[PDB]
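S.K.: Handing you this structure, nothing more for now.
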Amino acid sequence: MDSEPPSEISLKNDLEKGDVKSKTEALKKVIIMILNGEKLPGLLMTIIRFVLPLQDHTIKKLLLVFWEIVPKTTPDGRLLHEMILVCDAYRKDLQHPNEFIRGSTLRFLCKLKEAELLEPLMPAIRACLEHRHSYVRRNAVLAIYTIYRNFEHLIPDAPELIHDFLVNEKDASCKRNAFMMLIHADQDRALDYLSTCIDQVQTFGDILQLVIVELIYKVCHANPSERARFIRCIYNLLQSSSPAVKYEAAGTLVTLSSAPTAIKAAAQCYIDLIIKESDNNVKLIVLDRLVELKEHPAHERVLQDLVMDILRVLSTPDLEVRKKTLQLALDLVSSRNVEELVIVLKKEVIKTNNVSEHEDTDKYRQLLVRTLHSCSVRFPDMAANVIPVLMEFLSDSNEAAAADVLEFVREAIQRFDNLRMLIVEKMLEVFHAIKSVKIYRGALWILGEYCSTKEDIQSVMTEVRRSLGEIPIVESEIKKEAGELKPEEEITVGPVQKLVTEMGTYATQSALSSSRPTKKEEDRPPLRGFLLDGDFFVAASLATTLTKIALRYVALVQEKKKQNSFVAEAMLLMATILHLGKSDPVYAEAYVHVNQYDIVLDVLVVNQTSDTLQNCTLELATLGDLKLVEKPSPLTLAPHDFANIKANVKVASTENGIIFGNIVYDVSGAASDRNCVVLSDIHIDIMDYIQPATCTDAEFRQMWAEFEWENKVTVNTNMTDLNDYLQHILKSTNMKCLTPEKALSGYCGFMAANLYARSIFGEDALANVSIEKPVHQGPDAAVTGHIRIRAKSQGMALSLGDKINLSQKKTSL
Amino acid sequence: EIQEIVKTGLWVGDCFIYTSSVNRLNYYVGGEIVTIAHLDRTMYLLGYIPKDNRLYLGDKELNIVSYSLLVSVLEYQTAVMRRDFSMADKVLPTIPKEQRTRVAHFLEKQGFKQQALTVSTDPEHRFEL
């Protein structure tokens, strides 16, 4: 009988039957239905009658079982007395020669904090005063303590009965087996006795002595219990810069992340931390101790650095461990992050050296070039390293492989003015075999800026200019680029001037030069030719032309703040980006009142009628996410009764199977068809059910992408900013205004709120409230705001859309 | 009696350089145990062959691995043990950063907070001294 709540009639029958097995099974079936929480008092006389005196342990044990989980509730066969049918003949049970029945009886009897059993539990310590097992003596210290807990904090429970009444706790210390139920409030002499016992311990018993009294002067003295306290005590005597090298903490710690890569990744972190405490700049974070595994002697054999190499990773162990490991290389050794990121990047970025680090997918290659290159932009020393490695990247000599390479290096030159003169000659080489945009773009920029340095350019450019591949974006990049630097410093059959001619043709003009350009018609609609066409005031010469622009870098460009940079090593970053970091007539009148922060729905129940409505009961219901914190409890609604009855309200619950409308309120009365009527007290909305939750800009952005929010409305009374009406109203449809999606200035400055919720509707809810408050001569519609809304199938989107207008209720009875 | 157990050991002068069951190469000076270096794996001291300028270690292999003994550290610390704190300071220009702070801490443990203050690179160790 797993859980069957109607079966009590059969149990009575089964409980006495003249067959002992049946009786045991019955009583067992009662236990299992109560434990789940089901019907049990009908049976009581039957249950109690067979078992009572006997020394036959199994039925007695079963009855003994049922007296610690419901004795108080059941009363057919027990009623209320001092020597109840729980203990009257269980004084026999306590005083049987078999330890088990006595012991069991003692154990339940003393366990209860019952006051209708207080006297019978007190000399119940007799059953276990003699200690036939470790179990008997432990059973005794726990039972005396449980007696002490049960209203006997004074002389009824404190001395000895004949050996224990609160003194097993003392005795246990010096006896062969220990266990101290003495944790609080008990004899001082036993506490003292436990200390002595630390030495003459029994190990289970030591965990009991130890919860009470901890800290040792020793190293130990033995056993897991003492050992477990000991690592706590050690952390005290050296708190300083974490544990560093984990103590006896290490054993539990592995299981704490049994799923399976995460342990190594964690372990790797600690091992890296431990090596050294470095400068602790941007991603140079290694704490713990400065010297404890050093770094870098030149006589150390086979050195520290061997372990450091693991941390430099491509994936060399698996991805979770990889992400931890790349950060960890950066963390022990660099200048900041820059130094060790360049080494690390050199390995990752595409080459002709190894083909286990090159790939023909263009974005990844490109990104890897940008990561290597960002290190230079960060720190100078890296410029010198980066440029020759970049030329190796080029040497791959696939159209695309060159292409990616050329694209970053060209950015580097914008930063690094006439420093990378050397690269230009390498960069031209792979520009001729071509099937893509990227190669043309980049090459034309290097060869263009670099012209003073070289003289090749008609020849290199011209094979490509009459070759094909994909050429949209090529136009833009060649347009600003081709002439640049020194007015007449090249010549192969086209000097720098031919280049300016070319540069202009490629931009949007027409001219025979480099055997004509591939295309002329520019990239995306805004860019066009014209700016540059106007430009080249002084023909490709460092002055105030293309050259200027080329040998200068747009805004601030420093660090790895992503200003001509990309922020570490490209593969590690994907993982970091991913991390969102999300945090019968009846009359009612009613108002909601709050006194001393108690929120209640006031209801007055009125019988305007002369007719009888007796049988009157009042209930507030649990609909779904609405709940009663206590229904109105008066038996009112009688002939010409006016009553004030208070129903307390909650807003947060779990969905019930009954209707999901406004608030259900139920009054009952006389009638047999409609004994229960549902009638209303004032408004509560569907919107309550939504649950508020919040987003950060990353979670908002991810969800924006994840599912559409095209749906918009413009809501009146969003004249005001985010903070005022809009927040308060948004709150009531369990929403909250978080992070921005705005871009403010002297022409821009709609207020933008990123909203989130996680509705109990199987959807989230998100929105952006844009408040069109004029920051221009031509506003949208002046003050008002357009709320762009969604939910996960946009079923709550709509709630956001209208619950940001207005919202107010009041009455004054 | 020395803290780190001696799995195997060797005498270089009256100083005992030994391996430990922690994989630590330590040296005994003064009845104090200092760690000269950390061994990454389990290693045994074959002997010290002046020719190679090395201590020859062997793993499980009947082959050679070599650790040169860090004499400058050892001499700084040995001098400290003898209570020749000044003498150990002469060694200090050839004790690097964190090692000067450590050797300083050795000097200090033996005694004389001030001489330890001059050698300690780290300002914090100076500040406390």
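Ligands are numbered from 1 in the order shown, chains are lettered A, B, ... in the order of the structure tokens, and residues start at 1 in each chain.
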Hey, which bits of chain B sit within 10 Å of chain A, and for each residue what's the closest pair of atoms and how far apart in Å (one decimal), counting only C-alpha atoms, rows by chain and increasing number, as a Markdown table?
M.R.:
| residue | atom | partner | partner_atom | distance |
| --- | --- | --- | --- | --- |
| B:35 | CA | A:292 | CA | 9.7 |
| B:36 | CA | A:300 | CA | 9.4 |
| B:37 | CA | A:300 | CA | 6.7 |
| B:38 | CA | A:293 | CA | 7.2 |
| B:39 | CA | A:301 | CA | 6.9 |
| B:40 | CA | A:302 | CA | 6.9 |
| B:41 | CA | A:302 | CA | 8.7 |
| B:54 | CA | A:299 | CA | 9.3 |
| B:57 | CA | A:301 | CA | 9.5 |
| B:65 | CA | A:301 | CA | 7.7 |
| B:66 | CA | A:301 | CA | 6.6 |
| B:67 | CA | A:301 | CA | 5.2 |
| B:68 | CA | A:299 | CA | 5.3 |
| B:69 | CA | A:299 | CA | 7.1 |
| B:70 | CA | A:299 | CA | 6.8 |
| B:96 | CA | A:297 | CA | 9.8 |
| B:98 | CA | A:291 | CA | 7.1 |
| B:99 | CA | A:291 | CA | 8.3 |
| B:101 | CA | A:291 | CA | 9.6 |
| B:102 | CA | A:291 | CA | 8.1 |
S.K.: For region 227-237 of chain A, find every residue with an atom within 8 Å (counting only C-alpha atoms), except residues of its own chain fewer than 4 positions away, and show them as a PyMOL selection string.
M.R.: chain A and resi 210+214-216+219-220+222-223+243+247-249
S.K.: Could you work out how far CA of residue 629 (chain A) lies from CA of residue 689 (chain A), giving the answer in Å with one decimal?
M.R.: 16.5 Å
S.K.: From the DSSP assignment of the backbone, select every residue of chain B that is alpha helix (DSSP H), and format the answer as a count of residues only.
M.R.: 46
S.K.: My list of candidates is B:115, B:26, B:121, B:20. Which is closest to residue 83 (chain B) when distances are computed with only C-alpha atoms?
M.R.: B:115
S.K.: Find the residues around residue 33 (chain B) up to 6 Å (only C-alpha atoms counted), leave out those fewer than 2 positions away in its own chain, and share them as an MDAnalysis selection string.
M.R.: chainID B and resid 2 27:28
S.K.: Report, in Å with one decimal, the straight-line distance from CA of residue 29 (chain A) to CA of residue 49 (chain A).
M.R.: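 Answer for the CA of residue 29 (chain A) to CA of residue 49 (chain A) separation: 16.9 Å.
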S.K.: With only C-alpha atoms as the counted atoms, please give the residues lying no more than 10 Å from residue 480 (chain A), apart from itself and same-chain residues fewer than 3 positions off, as a list in words.
M.R.: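 Once the adjacent positions are removed, what remains is residues 444, 445, 448, 449, 475, 476, 477, 483, 484, 503, 504, 506, 507, 529, 531, 532, 533, 535, 536, 545, 546, 547, 549 and 550 of chain A.
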S.K.: Report, in Å with one decimal, the straight-line distance from CA of residue 469 (chain A) to CA of residue 441 (chain A).
M.R.: 11.8 Å
S.K.: Neighbouring residues of residue 10 (chain B) were defined as those with any atom within 12 Å, considering only C-alpha atoms; residues of the same chain fewer than 4 positions away were excluded. Please report them as a compact mmCIF listing (two decimals) with N, CA, C and O atoms, in the first residue's frame.
M.R.:
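So the final result, stored in result_21.txt, reads:
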# COMPACT_ATOMS: atom_id res chain seq x y z
N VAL B 6 64.53 12.76 4.56
CA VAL B 6 65.57 12.61 3.62
C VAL B 6 65.46 11.25 2.99
O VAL B 6 65.79 10.24 3.59
N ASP B 14 80.02 20.55 4.72
CA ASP B 14 79.42 20.00 5.94
C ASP B 14 77.94 20.21 5.74
O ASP B 14 77.14 19.73 6.51
N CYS B 15 77.52 20.96 4.68
CA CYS B 15 76.12 21.16 4.33
C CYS B 15 75.58 19.90 3.70
O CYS B 15 76.20 19.24 2.86
N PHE B 16 74.37 19.41 4.12
CA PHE B 16 73.76 18.23 3.54
C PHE B 16 72.71 18.64 2.61
O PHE B 16 71.75 19.21 3.14
N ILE B 17 72.83 18.31 1.33
CA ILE B 17 71.86 18.54 0.30
C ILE B 17 71.13 17.20 0.19
O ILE B 17 71.80 16.20 0.08
N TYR B 18 69.78 17.20 0.25
CA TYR B 18 69.10 15.94 0.19
C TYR B 18 67.86 16.20 -0.56
O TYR B 18 67.29 17.26 -0.64
N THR B 19 67.32 15.07 -1.06
CA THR B 19 66.11 14.96 -1.61
C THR B 19 65.19 14.58 -0.50
O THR B 19 65.57 14.06 0.54
N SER B 20 63.90 14.92 -0.76
CA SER B 20 62.86 14.76 0.22
C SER B 20 61.81 14.00 -0.49
O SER B 20 61.81 13.77 -1.72
N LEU B 25 64.29 19.44 -2.85
CA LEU B 25 65.73 19.35 -2.72
C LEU B 25 65.97 20.29 -1.69
O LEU B 25 65.69 21.48 -1.78
N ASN B 26 66.52 19.95 -0.56
CA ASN B 26 66.66 20.89 0.51
C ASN B 26 68.06 20.62 0.89
O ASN B 26 68.76 19.72 0.41
N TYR B 27 68.55 21.55 1.68
CA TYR B 27 69.88 21.54 2.23
C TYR B 27 69.80 21.75 3.74
O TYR B 27 68.89 22.50 4.12
N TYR B 28 70.67 21.15 4.58
CA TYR B 28 70.52 21.29 5.98
C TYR B 28 71.64 22.17 6.32
O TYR B 28 72.82 21.82 6.00
N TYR B 44 66.98 11.13 -7.66
CA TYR B 44 67.96 10.59 -6.74
C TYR B 44 69.22 11.16 -7.07
O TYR B 44 69.47 11.51 -8.21
N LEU B 45 70.13 11.41 -6.05
CA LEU B 45 71.39 12.14 -6.23
C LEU B 45 72.47 11.12 -6.54
O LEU B 45 72.80 10.22 -5.72
N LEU B 46 72.96 11.08 -7.79
CA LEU B 46 73.98 10.19 -8.23
C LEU B 46 75.29 10.60 -7.60
O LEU B 46 76.07 9.85 -6.98
N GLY B 47 75.59 11.88 -7.70
CA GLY B 47 76.77 12.43 -7.12
C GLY B 47 76.95 13.75 -7.72
O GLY B 47 76.15 14.24 -8.54
N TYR B 48 78.03 14.46 -7.24
CA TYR B 48 78.25 15.83 -7.66
C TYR B 48 79.57 15.67 -8.37
O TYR B 48 80.57 15.35 -7.68
N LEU B 55 75.26 18.47 -10.29
CA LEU B 55 74.86 17.44 -9.42
C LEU B 55 74.17 16.62 -10.51
O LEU B 55 73.58 17.14 -11.42
N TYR B 56 74.36 15.27 -10.44
CA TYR B 56 73.84 14.42 -11.48
C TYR B 56 72.76 13.70 -10.73
O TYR B 56 73.00 13.17 -9.66
N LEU B 57 71.54 13.65 -11.28
CA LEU B 57 70.34 13.04 -10.80
C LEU B 57 70.02 12.08 -11.82
O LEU B 57 70.45 12.09 -12.96
N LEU B 69 73.95 23.09 -8.44
CA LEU B 69 73.59 23.54 -7.13
C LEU B 69 73.62 25.09 -7.03
O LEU B 69 74.53 25.75 -7.46
S.K.: Pick the closest to residue 424 (chain A) from A:601, A:451, A:755, A:412: which is it, counting only C-alpha atoms?
M.R.: A:451
S.K.: Can you tell me which residues surround residue 111 (chain B) at a distance of at most 12 Å, considering only C-alpha atoms, apart from same-chain residues fewer than 6 positions away, and format the answer as number ranges by chain?
M.R.: B: 80-86, 103-105, 117, 129
